[PDB]
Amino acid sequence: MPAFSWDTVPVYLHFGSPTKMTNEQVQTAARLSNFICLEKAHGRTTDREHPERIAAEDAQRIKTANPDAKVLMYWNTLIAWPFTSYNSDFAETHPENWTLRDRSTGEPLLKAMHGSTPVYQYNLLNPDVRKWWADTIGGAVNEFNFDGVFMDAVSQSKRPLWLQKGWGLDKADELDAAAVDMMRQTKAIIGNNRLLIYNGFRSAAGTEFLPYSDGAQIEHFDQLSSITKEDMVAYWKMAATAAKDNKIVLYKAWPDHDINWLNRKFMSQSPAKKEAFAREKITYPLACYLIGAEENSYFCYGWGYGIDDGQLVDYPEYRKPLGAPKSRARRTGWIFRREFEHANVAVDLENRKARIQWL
């Protein structure tokens, strides 16, 4: 478990840089956070053959600057992102039944094309694939001395199109059992001194995987598919349930609805303008996180997952004294309030207004 403290807002970072990080980037990440994940294509420009080695070197540099930092390696439940050497030419260098394929034609069902390189998807119903998956990421975690795995896309195998065209319409529950088997085999390799965090809670997955893992991410915290006050309350409920089991919950927050790396109008503004916007809009998502925050929960804030997408910004809210919560949040209508040793928090979910009173 990462060192957790209520002294200030617990910050989680989740980003990737195509090039090996600069000394300044490493230093900035290390002072902001004790809990970091490097993304799927980190270092792909610096070492296109073995970018996992660049992620490893940058993880070690971060921990040289912050010995308390835990750094997770990215790995995807379903998608063989062809960035690391492990997934290069995946469908071509393994048996036909290791790849997800159209049941009528036998041609691979792809997540995407990266340039001219196909992005294949694993046949999660093949036990040899599940073993290889756990052996591969577990081996990499141990070899490079990462502190755990960020297990992405735990439920994306159940997308209707893959069930109709690939798995068979009757496989959804078997796919859940496949994911569970994958986490169990991975935990057996990376151990209980390391972390398995899966993505994640979605108001199409929930807490059902927590018995086999160490925590989960809320990727759409007030964003995309989950943008209502009812979705917020549901996430707080899942997070409180997770906290009872001593599990980690990572909140990926966003400046406002539609403010993300896919919004072209926003992403075209100057870096100075984007940061100023994000600085001014952190109060509402941060307040929402504080309403439901429990021990071992973390806050991640930005408009994207690139290293320049707002996560390495020094937000003043991260250095003000917070202190332990005095009680769980209380509710009056759609107004939630909570007291911390050094702050009072209030959010109006119906009107999307919030106030953090720093004492």
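Position 1 is the first residue in the sequence shown; the rest follow in order.
*Asks:* Pick one of none, 1 to 3, 4 to 9 or 10 or more for the number of deposited-sequence residues not modelled between residue 203 and residue 204.
*Replies:* Missing residues, residue 203 to residue 204: 4 to 9.
*Asks:* Mind pulling up the entry and telling me whether 12-20 or 347-355 has the higher mean Cα temperature factor?
*Replies:* Taking the mean C-alpha B-factor of 12-20 and of 347-355, the larger value falls to 347-355.
*Asks:* Tell me which stretch, 105-113 or 212-220, has the higher mean Cα B-factor listed in the entry.
*Replies:* It is 105-113.
*Asks:* With respect to the C-alpha temperature factors reported in the PDB entry, which of 244, 184, 131, 194 ranks highest?
*Replies:* Of the candidates given, the C-alpha B-factor peaks at 244.
*Asks:* Based on the PDB record, which member of 199, 93, 136, 99 exhibits the highest Cα temperature factor?
*Replies:* Of 199, 93, 136, 99, 93 has the highest C-alpha B-factor.
*Asks:* Quick check on the deposited entry: does the C-alpha B-factor of residue 33 sit in the lowest, middle or highest third of its chain?
*Replies:* Its C-alpha B-factor, which the entry lists for residue 33, ranks in the lowest third among residues of this chain.
*Asks:* Within this chain's modelled residues, let me know which third the CA B factor of residue 253 belongs to: lowest, middle or highest.
*Replies:* Its C-alpha B-factor, which the entry lists for residue 253, ranks in the lowest third among residues of this chain.
*Asks:* Looking at the entry's B-factor column for C-alpha atoms only, identify whether residue 125 ranks in the lowest, middle or highest third of its chain.
*Replies:* As the PDB entry reports it, the C-alpha B-factor of residue 125 lands in the lowest third of its chain.
*Asks:* Looking at the C-alpha B-factor of residue 56, is it in the lowest, middle or highest third of its chain?
*Replies:* Within its chain, residue 56 is a lowest-third residue by C-alpha B-factor, going by the deposited values.
*Asks:* Rank-wise, by C-alpha B-factor, drop residue 65 into the lowest, middle or highest third of its chain.
*Replies:* Its C-alpha B-factor belongs to the middle third of this chain's values.
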